[PDB]
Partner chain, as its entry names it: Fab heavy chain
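The chain that follows stands alone, in the form deposited without the partner chain, written as C-alpha cells.
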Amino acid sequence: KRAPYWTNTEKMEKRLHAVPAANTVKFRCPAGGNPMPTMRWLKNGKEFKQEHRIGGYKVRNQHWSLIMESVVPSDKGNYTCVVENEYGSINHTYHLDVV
C-alpha cells in the first residue's frame, strides 16, 4: 500500500541537542507505512550496537524511539534512524553534544 513517511515532523525538527552528562537522551522518528516499516539506528553512519556504549540503549518500536541513559562525553556524535519497508527507505539525523 505505501512507502514509509514521517507522522510527526514537529518532534524531529530540533536536530542539535546539547545535554549535560548523566542525563537521559531520547531521539524519535515517528513513522507510518504499509507494511509497517522497520526501524534501525546508526551512530555516525554505522550500525549502532548495544556493546558500543557501556549502558547499552533501549528501543521502543511503538514510539519509534531510541533512549540512552546517563550520557557521557563519549556519546557525542550523529544519530540516524532509518525507516524502511518494501516500497522505500527514509532517514533523519540528530546530533548529540554532551557537556
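Under this definition, the rigid core comprises the largest set of C-alpha atoms superposing within 1.5 Å between the forms. Positions refer to the first chain, counted from 1. Shifts are known only where both forms have a C-alpha.
The same protein also exists as the form deposited with the partner chain bound; that form is not shown, yet it is the one meant from here on.
Distance check, residue 24 to the partner chain in the entry with it bound, heavy atom within 4.5 Å: Residue-level check for residue 24: yes, a contact with the partner chain.
The partner chain contact at residue 53 in the entry with it bound, heavy atom, 4.5 Å: Close contact is absent here: in the entry with it bound, residue 53 is far from the partner chain, nothing within 4.5 Å, heavy atoms only.
The partner chain contact at residue 30 in the entry with it bound, heavy atom, 4.5 Å: Result yes; residue 30 sits at the interface with the partner chain in the entry with it bound.
Answer among 9, 24, 78, 91 for the CA shift between the shown form and the other one that reaches 2 Å or more, rigid core superposed: That would be 9.
Consecutive-residue runs (3+) with Cα displacement of 2 Å or more between the shown form and the other one, core aligned: Once the cores are aligned, run 9-14 is the only one whose C-alphas move by at least 2 Å.
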